[PDB]
Amino acid sequence: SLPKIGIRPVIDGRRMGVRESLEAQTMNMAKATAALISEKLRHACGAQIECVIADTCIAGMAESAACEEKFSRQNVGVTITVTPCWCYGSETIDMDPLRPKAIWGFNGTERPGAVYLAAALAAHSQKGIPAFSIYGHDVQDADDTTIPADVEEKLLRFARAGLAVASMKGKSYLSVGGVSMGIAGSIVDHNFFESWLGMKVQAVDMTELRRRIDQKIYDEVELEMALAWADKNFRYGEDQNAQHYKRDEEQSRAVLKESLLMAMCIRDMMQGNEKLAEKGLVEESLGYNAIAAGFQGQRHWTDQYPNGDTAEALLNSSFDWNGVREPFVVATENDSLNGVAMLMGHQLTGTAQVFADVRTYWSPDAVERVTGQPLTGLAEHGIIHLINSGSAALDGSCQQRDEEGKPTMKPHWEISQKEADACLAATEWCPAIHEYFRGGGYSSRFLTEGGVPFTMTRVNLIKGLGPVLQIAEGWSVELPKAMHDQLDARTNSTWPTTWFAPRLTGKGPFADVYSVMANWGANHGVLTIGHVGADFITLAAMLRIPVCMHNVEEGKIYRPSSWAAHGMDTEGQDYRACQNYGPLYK
Amino acid sequence: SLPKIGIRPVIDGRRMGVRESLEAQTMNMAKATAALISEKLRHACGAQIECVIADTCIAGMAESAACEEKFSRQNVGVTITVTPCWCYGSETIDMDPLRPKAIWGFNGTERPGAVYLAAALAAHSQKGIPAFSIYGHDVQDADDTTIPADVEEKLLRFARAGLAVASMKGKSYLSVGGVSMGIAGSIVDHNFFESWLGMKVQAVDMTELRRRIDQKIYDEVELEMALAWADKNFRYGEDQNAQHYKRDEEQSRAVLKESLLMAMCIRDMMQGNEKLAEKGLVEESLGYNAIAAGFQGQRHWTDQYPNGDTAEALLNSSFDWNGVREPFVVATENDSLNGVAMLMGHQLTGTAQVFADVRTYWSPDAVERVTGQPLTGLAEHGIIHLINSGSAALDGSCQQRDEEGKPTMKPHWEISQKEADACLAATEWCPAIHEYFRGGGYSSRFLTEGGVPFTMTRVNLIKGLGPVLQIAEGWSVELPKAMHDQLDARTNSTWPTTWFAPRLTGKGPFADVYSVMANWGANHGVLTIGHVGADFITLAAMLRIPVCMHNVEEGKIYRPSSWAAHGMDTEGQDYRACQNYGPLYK
Amino acid sequence: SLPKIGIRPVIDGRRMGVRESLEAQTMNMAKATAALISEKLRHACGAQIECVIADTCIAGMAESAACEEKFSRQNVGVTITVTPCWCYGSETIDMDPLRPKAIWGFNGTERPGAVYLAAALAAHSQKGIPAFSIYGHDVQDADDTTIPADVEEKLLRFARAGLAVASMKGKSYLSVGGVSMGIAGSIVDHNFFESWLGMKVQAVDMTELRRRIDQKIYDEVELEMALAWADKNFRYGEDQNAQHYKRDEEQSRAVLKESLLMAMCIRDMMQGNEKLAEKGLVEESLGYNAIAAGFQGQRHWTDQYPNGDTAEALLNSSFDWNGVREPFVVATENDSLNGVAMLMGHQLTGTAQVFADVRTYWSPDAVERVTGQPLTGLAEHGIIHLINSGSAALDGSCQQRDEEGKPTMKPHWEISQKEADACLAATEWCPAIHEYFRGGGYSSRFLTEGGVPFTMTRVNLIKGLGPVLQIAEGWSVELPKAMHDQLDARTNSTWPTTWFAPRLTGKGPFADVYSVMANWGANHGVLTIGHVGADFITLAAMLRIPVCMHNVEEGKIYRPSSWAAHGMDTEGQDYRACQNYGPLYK
Ligand SMILES: [Mn+2]
Ligand SMILES: [Mn+2]
Ligand SMILES: [Mn+2]
């Protein structure tokens, strides 16, 4: 049952003509705002956002409380309060501390909603319930129905981030296994998930994965459909293994089968499968109500059974053998923390999220030193090498194209069947190397097209301080083939690659590309299509996660009004305010 | 809408006949629970309590999730989880912080439900979401359908209290005027109502009340119905005023009219009146969505107009000219902290609450000196005089008799109109003394019957500590008329009276009657009928208000299990645990 | 390298003869202490305790600085300062915050040790580093070298506990699996182990155990030995499974084989096995450096592979197919918190530890109702069924016997091989009930001999409060054969049983037997032989873990001096002391 947005039309309660004068414009402003969001935006799942409107305009507590009754029955997880006139501050505001809120005041003189806004905001900050401000840059006339650029931008950025918050609430992270090679992020912090995101964590031991394959706790016909799809579509790459370690044709397909079964069995665990009920396996059918998940893999799975690379790549992809669909969020090396970043990215943009190891920083001096060539253009100042250990969403090739014909990544509802297969055609599946993946496996190798805007994000936990976010907006570069193959042969050529250059501000961590990587707080990161830092920043305020690091333009910063009271400085305000309000849910 | 109780039947997840073998009993047990609550309990307003059972038994996150969706659209604000078997702990618990919750495990051996209870509870306190334990004293045979008596007490005590938490949530306290005569409780701490109770505060200047009377903003037909009704029933008391400050009948009619108007205009303010819409006054029709109020009175109102003595009495009573109805909660002198006690007591009992000033402690030495005869029986160790400034719930006369035919106060739905008139028959209406109340008034004078159990409660705000709760289970007593008459003349004989004897423990404040007076945290207190200390204590723990003074036996103290982990000592664990979890809402 | 005990003799600084008088006495008293300790105490593993003395006698900063670097060199985890004279306080105290320290002032008149003790403690508590205080009631003459009874208890109790804290520092807890059946204790909290105990947690997925048994990563020679032993010594009980679920003998051989192979494999993982390195399995030969360990089992392993009933039971015993050894600590269901109470139990007593489900409380009324008979003697007031879900240290049969020939448990170095076979011939190996344990297994069933004194303990984590300790001293009982069989039948007759009865104080949780269970913090607990509540209380205090529940007479309560400054109440002092000082390690 999807969350909804609740519009609260708010009004001057005084009569003898004043209320009746204002009613129509007020409710129409409400309607306007439903209209704007519902057409402009979608859930990440794909569905149409349903906005709920109060039965009458609110001018005080009786009317205000009817709305709450109407909203609770209707699962509203966000609200916007809209008005063109002055109304009675604290009597009319929304006091539920759990939901993100925003106040839109019509910037006018004849209709001075802007005035009420600043007062209703001051009530919010005084009662410890922060709210966002929507304030038009230019005074409009009282007979105008248009919505300016700025207002619409905020209205939408707000709603984009509010629907993310409410979508996580009440849902599960599924931890298939636990700690992978002492990686911090795989030490799943149930209190972080419960207190900040409002999630439950379900832990499942990887023998549960094994059990499902063996005891035939999957859809047997789907396996054949999957394999059929696998055969027609999968272009294989070079085996790189030592000769005595190679696998014959029959062994190679048993690996492949298992790999596919793992993908299937994980999905069955995350979201359930009615077919297993029919098949009689009634217990296993319900799933763990999980919108994100991790798979440990190394060391203990991959030292005997096939690595999860295929399964991870297919589940993070927008498409598979059953057609196009909304991508899953499955973290490799069970990196619950990178999964959070993915899950936010997913819910903010509706697109596939590229899991990525932050492998190498290529210094301009260093690249001249081994390729003989110069880093040129976007890579002038240095390059960074994003390359996961055998898995990534296939959407990352960027064979998807926009309307202007440039390479990009897109929502699942915007994706035609031809673009699905085009992305497969960019993908060669190289066997895993047996010293590390003794059970075998297949990598998904691709190269992300150059010149794509990307947002590198990461969430870390810092003892004594809590969770923090890191952001680095940038671009993928496309190096000369001569240079590329030699840095690729240099690293791990079996694996998917992305060349990333980050926007520099010449300040602090973004002074030079070196320090960007040097101030990263983990070996992993998530790549989200686009420049979305401004949207990420707003979500981190809503969760009261401060941002230790970002290159987003100061003008673009959008947070609850309460934050500005915590200081003029954009960074300093964030730590005090986050400390103040603390986690949302407990 | 009214709040509902969610019942969560929880079950072992495994099949092969295991879940099957239990579904029946586990479902039957939720139904038995909802039935009992629904039969033996009512809302404070007299409505039937609905209960919502989960669609399926719960064994994991997915079923648990669907219970939540069901519960959210159904306005449930209390849960009880029931099981007769072991289940999967943290997967199956209710996670919402803002709801009171309980767990009831079947004390069986074939059915080891208490073994899940113990694990679930440990889960709760590890995850900072405390919950109540319901464990039956005696092992029960698997086929037994009956609910033990000790289990019934706990279930009901929990429901009774939980409903009160959920009833206050989102309602208003209407403060009519500001501070009265420097009384701390008249400084309305808006944050306390928000954070602790989940209510809001509406402030109305008393000029508004004047305005309604001036501009005839009230159902005019009602007024002559009121006035008619009083003329038929109101006894009158001697004018203890001076000769020059006495009033001719014409003047007296003016105050009584006004005294009865205030009752109606305050009531109309608190909840609203559709008649006012019908007469064109659509703004005033609505009300402030208020379940409690307070009226300032002195000095600024009582120095010109008639005091609220009469209004307050009738409003807090369980009947008026329109017959027997659920009482209101209006605080004399705008004592919002006496308001809260009144509110809490009323929600726990359904009955009317007696506002009292805590006027005199009469020593046994002191009584013998002024009357020549000693206090005897229940008054053996001292008496405390409880007498409010002119007002009190007429039901406080205790003219009502119960099933065994002895003095009491019943929930309004067990009040026959015949009894209603007996409480009016024992009340004499006496004029206000002019020097204090210049605008005059009438004061409901009655004498409470002896031997009636009472609990006396107060809430107080201690800066740097928060809200605290005082409780004192005791008896009202009858004194010999000669004795009573002397002590009434010294104090105020136009004012209603109750002679209170607190039950002693011989320890702390309850070592003697003097100490009970001397520790009481304010000049005002509240009388709830019967011995309801246990219910208050439970309610207090649900709201995380520590209890600082009580004479309830140690076995009766019922609180979440987490409390026990903060220490064996019932006073020590309470402060520490209350310090830990803090106010419920923010 | 085990920790050592550092003994500090301290002396009056001043020379000119007086110092020189005391030097002989001062260190003769320190050598007595080192002799007393190493005579009456041994390490839990069996080794003799090594007491390092300071090279000189300490009288100022200079000598005390030498003594530390010597003490750092020798691995002392505990210090005991002794003296028979005045010395210079702030100059002579051990200042290392991590080591648990005690000070032993001699009670003489010519030799004023008492005075030094108070000034030293005062300096300690003023400098934030609590220490214990040893003081004899009765005064002794300076020529007397014998050490009195009461000083002996305080020295032994201190060193016994300080060694516990010392032995756990830097060691690891091995988590074989993740969360078991949503049990809080099996959500291993890494930061608890680290901060409070100075331990690490190593997480291994249960698939790694699979690999070791499938790829023969074990000693195959021992395996045959084990099977041989198993055939010779194992008695079997009857199969209580359904017929269609009964295993034939070919299957029962494999199930047994793997159960035993689990034992061996889990051991290897904990401490290393060098036979493996010879065998070319060098990486698996090191192990994880573990002094406790949890095994998850349900649900994921037990739904396809044989359970750990047998393995757990054999590892936690004081003997196996290689004869008598220091028992291991393996927690069933990966309940790490029960593991911690086992670890503590073990370190303090050197015995085996019994892991229990706190399954049923049998009120007198209940036992009369069902058996027709009444409980009697120690069982007079109630009885609590302690029964683990398949596995328990076989020592728990209490077939081992003491000097007088009374039932008991002994540390592994006082257990005759004849005794171990006694313990084993009390057992019968019942096959696992198929529907809970699909994979099979063998549940070690015995009946604990009555009259034995026992201590039940538990550790819980409370959000906002941190860890806490539960203690209940009592005895096991022996009921009439007829009564036992009625009670056992309906419960779980294939599983090991212990009838426990807690000493009642009349107060709080120990007012009666119902309360004991009712306030118990989890489904699980640990049985440690005898009445060692006094020991756990002392170890808790060194560990800064409040004691929320205990029935130890307060005469025996022994904690650091600083505690006394936090109040007279033996409970309030504790919570305040623990919140002040908090975890030893970060
Ligand atoms: Mn990696
Ligand atoms: Mn008063
Ligand atoms: Mn158990």
# chains A, B, ... in the order shown; residues from 1 in each chain; ligands from 1

$ interface_residues --of "chain C" --to "chain A" --cutoff "7 Å" --atoms "only C-alpha atoms" --output "count of residues only"
12

$ select_by_dssp --residues "stretch 272-502 of chain B" --states "strand (DSSP E)" --output "PyMOL selection string"
chain B and resi 290-295+319-320+323-324+330-331+354-362+383-386+428-431+442-445+453-462+466-476+498-502

$ residues_around --residues "residue B:73" --least-positions-apart "3" --cutoff "8 Å" --atoms "only C-alpha atoms" --output "list in words"
residues 72, 73, 74 and 75 of chain A; 69 and 70 of chain B

$ write_last_selection --atoms "N, CA and C atoms" --output "compact mmCIF listing (two decimals), in the first residue's frame"
# COMPACT_ATOMS: atom_id res chain seq x y z
N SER A 72 -4.98 9.75 8.20
CA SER A 72 -4.45 8.55 8.85
C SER A 72 -5.03 7.29 8.25
N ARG A 73 -6.35 7.30 8.08
CA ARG A 73 -7.07 6.27 7.31
C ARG A 73 -6.55 6.10 5.89
N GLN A 74 -5.86 7.10 5.35
CA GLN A 74 -5.47 7.13 3.93
C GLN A 74 -3.98 6.95 3.68
N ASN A 75 -3.22 6.59 4.72
CA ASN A 75 -1.75 6.41 4.62
C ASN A 75 -1.02 7.58 3.91
N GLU B 69 -0.43 -2.43 8.16
CA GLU B 69 -1.26 -1.76 7.16
C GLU B 69 -2.73 -1.82 7.64
N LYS B 70 -3.23 -3.02 7.93
CA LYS B 70 -4.60 -3.17 8.48
C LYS B 70 -4.87 -2.20 9.65

$ residues_near_ligand --ligand "ligand 2" --cutoff "9 Å" --atoms "only C-alpha atoms and all ligand atoms" --output "number ranges by chain"
B: 183, 332-333, 335, 356-359, 388-389, 523-524

$ write_last_selection --atoms "N, CA and C atoms" --output "mmCIF file, in the first residue's frame"
data_model
loop_
_atom_site.group_PDB
_atom_site.id
_atom_site.type_symbol
_atom_site.label_atom_id
_atom_site.label_comp_id
_atom_site.auth_asym_id
_atom_site.auth_seq_id
_atom_site.Cartn_x
_atom_site.Cartn_y
_atom_site.Cartn_z
ATOM 1 N N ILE B 183 -0.784 31.092 40.228
ATOM 2 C CA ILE B 183 -0.759 29.638 40.417
ATOM 3 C C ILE B 183 0.063 29.028 39.317
ATOM 4 N N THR B 332 -11.034 24.500 37.640
ATOM 5 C CA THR B 332 -11.085 25.751 38.369
ATOM 6 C C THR B 332 -9.723 26.483 38.244
ATOM 7 N N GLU B 333 -9.777 27.799 38.394
ATOM 8 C CA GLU B 333 -8.591 28.653 38.353
ATOM 9 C C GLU B 333 -7.631 28.335 37.187
ATOM 10 N N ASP B 335 -6.211 25.572 36.331
ATOM 11 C CA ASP B 335 -5.111 24.742 36.768
ATOM 12 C C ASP B 335 -4.943 23.604 35.788
ATOM 13 N N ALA B 356 -10.550 19.777 43.926
ATOM 14 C CA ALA B 356 -10.479 20.218 45.308
ATOM 15 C C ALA B 356 -9.227 21.033 45.642
ATOM 16 N N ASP B 357 -9.449 22.039 46.476
ATOM 17 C CA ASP B 357 -8.370 22.698 47.152
ATOM 18 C C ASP B 357 -8.026 21.797 48.334
ATOM 19 N N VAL B 358 -6.741 21.735 48.665
ATOM 20 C CA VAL B 358 -6.254 20.945 49.782
ATOM 21 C C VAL B 358 -6.033 21.952 50.871
ATOM 22 N N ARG B 359 -7.077 22.195 51.650
ATOM 23 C CA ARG B 359 -7.190 23.398 52.491
ATOM 24 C C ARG B 359 -6.564 23.279 53.901
ATOM 25 N N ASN B 388 -13.151 22.759 47.462
ATOM 26 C CA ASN B 388 -12.822 23.682 46.361
ATOM 27 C C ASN B 388 -13.514 25.050 46.538
ATOM 28 N N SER B 389 -12.935 26.070 45.895
ATOM 29 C CA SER B 389 -13.466 27.443 45.848
ATOM 30 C C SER B 389 -14.784 27.534 45.056
ATOM 31 N N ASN B 523 -1.379 23.246 45.905
ATOM 32 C CA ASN B 523 -2.514 23.651 46.733
ATOM 33 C C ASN B 523 -3.790 23.002 46.266
ATOM 34 N N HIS B 524 -3.763 22.419 45.081
ATOM 35 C CA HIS B 524 -4.907 21.757 44.508
ATOM 36 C C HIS B 524 -4.674 20.237 44.413
#

$ residues_around --residues "residue B:499" --least-positions-apart "6" --cutoff "8 Å" --atoms "only C-alpha atoms" --output "number ranges by chain"
B: 383-386, 448, 476-478

$ residues_around --residues "stretch 553-560 of chain A" --least-positions-apart "6" --cutoff "7 Å" --atoms "only C-alpha atoms" --output "NGL selection string"
:A and (130-133 or 534 or 537-538 or 541)

$ closest_residue --among "C:424, C:334, C:238, C:363" --to "ligand 3" --atoms "only C-alpha atoms and all ligand atoms"
C:334

$ residues_around --residues "residue C:169" --least-positions-apart "5" --cutoff "8 Å" --atoms "only C-alpha atoms" --output "number ranges by chain"
C: 197-199

$ write_last_selection --atoms "C-alpha atoms" --output "PDB file, in the first residue's frame"
ATOM      1  CA  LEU C 197      34.784  -6.971  27.724  1.00  0.00           C
ATOM      2  CA  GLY C 198      37.609  -5.892  25.344  1.00  0.00           C
ATOM      3  CA  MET C 199      36.794  -8.778  23.045  1.00  0.00           C
TER       4      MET C 199
END

$ residues_around --residues "residue C:58" --least-positions-apart "4" --cutoff "10 Å" --atoms "only C-alpha atoms" --output "list in words"
residues 8, 9, 10, 11, 12, 13, 23, 26, 54, 62, 63, 64, 65, 66, 67, 81, 83, 87, 88, 91, 92 and 93 of chain C

$ write_last_selection --atoms "C-alpha atoms" --output "PDB file, in the first residue's frame"
ATOM      1  CA  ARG C   8      52.664  -4.218  45.225  1.00  0.00           C
ATOM      2  CA  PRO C   9      54.184  -4.006  48.678  1.00  0.00           C
ATOM      3  CA  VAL C  10      54.079  -0.333  49.754  1.00  0.00           C
ATOM      4  CA  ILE C  11      56.073   1.219  52.611  1.00  0.00           C
ATOM      5  CA  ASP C  12      56.679   4.467  54.561  1.00  0.00           C
ATOM      6  CA  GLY C  13      59.061   6.567  52.485  1.00  0.00           C
ATOM      7  CA  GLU C  23      60.886  -3.824  54.764  1.00  0.00           C
ATOM      8  CA  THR C  26      56.181  -5.435  54.148  1.00  0.00           C
ATOM      9  CA  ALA C  54      57.596  -5.560  42.599  1.00  0.00           C
ATOM     10  CA  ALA C  62      60.150   6.556  41.463  1.00  0.00           C
ATOM     11  CA  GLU C  63      59.771   3.066  42.789  1.00  0.00           C
ATOM     12  CA  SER C  64      56.122   2.903  41.594  1.00  0.00           C
ATOM     13  CA  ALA C  65      57.179   3.907  38.042  1.00  0.00           C
ATOM     14  CA  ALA C  66      59.691   1.037  37.987  1.00  0.00           C
ATOM     15  CA  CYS C  67      57.068  -1.398  39.217  1.00  0.00           C
ATOM     16  CA  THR C  81      48.646  -3.513  46.891  1.00  0.00           C
ATOM     17  CA  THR C  83      51.013  -2.669  53.401  1.00  0.00           C
ATOM     18  CA  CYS C  87      52.574   5.448  53.090  1.00  0.00           C
ATOM     19  CA  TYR C  88      52.221   8.491  50.921  1.00  0.00           C
ATOM     20  CA  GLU C  91      52.252   8.819  45.267  1.00  0.00           C
ATOM     21  CA  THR C  92      51.873   5.039  45.785  1.00  0.00           C
ATOM     22  CA  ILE C  93      48.661   4.023  43.955  1.00  0.00           C
TER      23      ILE C  93
END

$ atom_distance --atom1 "atom CA of residue B:153" --atom2 "atom CA of residue B:505"
24.0 Å

$ closest_residue --among "C:21, C:186, C:400, C:494" --to "ligand 3" --atoms "only C-alpha atoms and all ligand atoms"
C:186

$ atom_distance --atom1 "atom CA of residue C:236" --atom2 "atom CA of residue C:441"
12.2 Å

$ decode --residues "stretch 424-439 of chain A" --atoms "N, CA and C atoms" --output "PDB file, in the first residue's frame"
ATOM      1  N   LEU A 424      22.394  -5.572 -22.892  1.00  0.00           N
ATOM      2  CA  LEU A 424      23.000  -6.920 -22.880  1.00  0.00           C
ATOM      3  C   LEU A 424      24.102  -7.055 -23.924  1.00  0.00           C
ATOM      4  N   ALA A 425      23.877  -6.455 -25.091  1.00  0.00           N
ATOM      5  CA  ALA A 425      24.844  -6.508 -26.182  1.00  0.00           C
ATOM      6  C   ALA A 425      26.128  -5.783 -25.827  1.00  0.00           C
ATOM      7  N   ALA A 426      26.072  -4.871 -24.863  1.00  0.00           N
ATOM      8  CA  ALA A 426      27.287  -4.217 -24.370  1.00  0.00           C
ATOM      9  C   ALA A 426      27.996  -5.033 -23.280  1.00  0.00           C
ATOM     10  N   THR A 427      27.481  -6.227 -22.974  1.00  0.00           N
ATOM     11  CA  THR A 427      27.875  -6.987 -21.781  1.00  0.00           C
ATOM     12  C   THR A 427      28.433  -8.366 -22.120  1.00  0.00           C
ATOM     13  N   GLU A 428      29.731  -8.534 -21.880  1.00  0.00           N
ATOM     14  CA  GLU A 428      30.395  -9.839 -21.976  1.00  0.00           C
ATOM     15  C   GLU A 428      30.665 -10.457 -20.582  1.00  0.00           C
ATOM     16  N   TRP A 429      30.130 -11.668 -20.367  1.00  0.00           N
ATOM     17  CA  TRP A 429      30.224 -12.406 -19.101  1.00  0.00           C
ATOM     18  C   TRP A 429      31.478 -13.298 -18.999  1.00  0.00           C
ATOM     19  N   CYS A 430      32.523 -12.798 -18.349  1.00  0.00           N
ATOM     20  CA  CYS A 430      33.752 -13.557 -18.151  1.00  0.00           C
ATOM     21  C   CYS A 430      33.691 -14.420 -16.901  1.00  0.00           C
ATOM     22  N   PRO A 431      34.127 -15.686 -17.011  1.00  0.00           N
ATOM     23  CA  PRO A 431      34.197 -16.510 -15.811  1.00  0.00           C
ATOM     24  C   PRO A 431      35.039 -15.853 -14.713  1.00  0.00           C
ATOM     25  N   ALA A 432      34.680 -16.166 -13.470  1.00  0.00           N
ATOM     26  CA  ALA A 432      35.430 -15.746 -12.297  1.00  0.00           C
ATOM     27  C   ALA A 432      36.781 -16.439 -12.287  1.00  0.00           C
ATOM     28  N   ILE A 433      37.725 -15.872 -11.541  1.00  0.00           N
ATOM     29  CA  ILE A 433      39.056 -16.456 -11.428  1.00  0.00           C
ATOM     30  C   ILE A 433      39.156 -17.282 -10.152  1.00  0.00           C
ATOM     31  N   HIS A 434      39.546 -18.547 -10.326  1.00  0.00           N
ATOM     32  CA  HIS A 434      39.289 -19.633  -9.366  1.00  0.00           C
ATOM     33  C   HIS A 434      40.073 -19.527  -8.060  1.00  0.00           C
ATOM     34  N   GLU A 435      41.193 -18.817  -8.069  1.00  0.00           N
ATOM     35  CA  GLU A 435      41.945 -18.574  -6.827  1.00  0.00           C
ATOM     36  C   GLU A 435      41.119 -17.834  -5.758  1.00  0.00           C
ATOM     37  N   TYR A 436      40.246 -16.936  -6.223  1.00  0.00           N
ATOM     38  CA  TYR A 436      39.366 -16.091  -5.388  1.00  0.00           C
ATOM     39  C   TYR A 436      37.923 -16.594  -5.304  1.00  0.00           C
ATOM     40  N   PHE A 437      37.424 -17.115  -6.418  1.00  0.00           N
ATOM     41  CA  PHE A 437      36.070 -17.644  -6.465  1.00  0.00           C
ATOM     42  C   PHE A 437      36.100 -19.134  -6.823  1.00  0.00           C
ATOM     43  N   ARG A 438      36.569 -19.916  -5.859  1.00  0.00           N
ATOM     44  CA  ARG A 438      36.763 -21.356  -6.012  1.00  0.00           C
ATOM     45  C   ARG A 438      35.528 -22.115  -6.502  1.00  0.00           C
ATOM     46  N   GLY A 439      34.345 -21.657  -6.124  1.00  0.00           N
ATOM     47  CA  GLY A 439      33.110 -22.283  -6.610  1.00  0.00           C
ATOM     48  C   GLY A 439      32.738 -21.894  -8.037  1.00  0.00           C
TER      49      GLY A 439
END
